[PDB]
Structures are given as structure tokens and as C-alpha cells.
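Listed below, chain by chain, are the residues.
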Amino acid sequence: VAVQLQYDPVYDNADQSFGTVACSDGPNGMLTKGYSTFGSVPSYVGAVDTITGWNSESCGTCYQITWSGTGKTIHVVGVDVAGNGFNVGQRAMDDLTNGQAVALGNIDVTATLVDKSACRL
């Protein structure tokens, strides 16, 4: 309660390497956890402001995120530093907003840290 969300179409890039983000290698990084690219994770991925830098203990955490606008929920795996709230893919925001990612650009959402398994990790 509540938290900014915006979209970066980088997180829709299946081939974006986990090398390019804070959550790259090291024990918490997604490379180490066996994901080479964003598309190898069975979840939307995003930056979250709980990740502050490389090898963040928050790297690879899972957020259940809800938008009061549609009441829809998505799961996002935090893999990069966000300044404020979440930056997710457009697919991820489109999901949340029933296709108003481009039109709204930023929404306020509600998010909860949940078991990794909720993001299929």
C-alpha cells in the first residue's frame, strides 16, 4: 500500500541477459539460479526498489502485485534496481491494466512479497 508501477519494454525482451542487471551472478543473482535471460524465467520480471544493487538479497524475490483499477494480480520476480516502486514489462502492465499500459504509463499498485514458488521459481 501503495507503490508506483511503470513499464520498460526491456522486461518484455526475452533475450535480455541477466548479466545486464543487478541480479546477475553471485549467490542471489538469476544467472547463478540458472537463468540466462529474462525469458528463461517463468514469470514477469521487473525492477523493484527493494533491490539496491548487485547480488541483493532481494534478487529473485517474487511479488504478488495488484492494481485496484482492474483488480487484477500479477507475479513479478525482482531482478533489477528500481528507484521507485516497480518497473515491469509492458506485457506485465498490460496484464494488470487490461491493456492500458501505454495509455496510463504509470499506475499505483499494491504489492506483497510471496514465496518464490508463486513466480514459478
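Before going further, it helps to spend a moment on the sheet that holds strand β4 (residues 72–81). What the 6 strands build is a closed barrel, ordered β1-β5-β2-β4-β3-β6; its pairing is mixed. Averaged over all adjacent pairs, the angle separating strand axes in this sheet is 45°, with direction ignored. Where helix α1 (residues 90–97) meets the sheet, its contacts fall on β1 (3–7), β2 (44–48), β3 (62–67), β4, β5 (86–88) and β6 (106–114), and the angle it forms with β4 comes to roughly 155°.

Our next topic: the environment of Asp12. Along the chain, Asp12 falls in the loop between β1 and β2. Of the residues examined, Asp12 reaches a relative accessible area of 31% and is grouped as partly exposed. If we ignore the near neighbours within four places in the chain, the residues touching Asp12 are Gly89, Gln90, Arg91 and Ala92. Among the polar contacts listed, one links the side chain of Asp12 to the backbone nitrogen of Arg91, at a separation of 3.0 Å.

The next subject is the pattern of salt bridges. Following the criterion strictly, the structure yields 1 salt bridge and no others. We note a salt bridge from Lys72 to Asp95, for which the minimum N-O separation is 3.2 Å. Here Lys72, found in strand β4, pairs with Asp95, found in helix α1; they are 23 residues apart in sequence, far enough to count as distant. A relative accessible area of 26% means that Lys72 is categorised as partly exposed. Residue classification places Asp95 among the partly exposed residues on the basis of a relative accessible area of 22%.

Cut-offs applied
- Residues numbered from 1 in each chain as written, not as in the entry; some residues may be left out.
- Heavy atoms only, no water.
- Pairing = 2+ DSSP bridges.
- Helix = DSSP H or I, 4+ residues; strand = E, 2+ residues; numbered from the N terminus.
- Axes fitted to C-alpha atoms, helices over the stretch in contact; angles between N-to-C directions.
- Contact = heavy atoms within 4.5 Å.
- Buried < 20%, exposed > 50% of the residue type's maximum accessible area, 1.4 Å probe, protein only.
- Polar contact = N/O pair within 3.5 Å; in protein donor to acceptor, adjacent residues only side chain to side chain.
- Salt bridge = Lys/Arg side-chain N within 4 Å of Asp/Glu carboxyl O.

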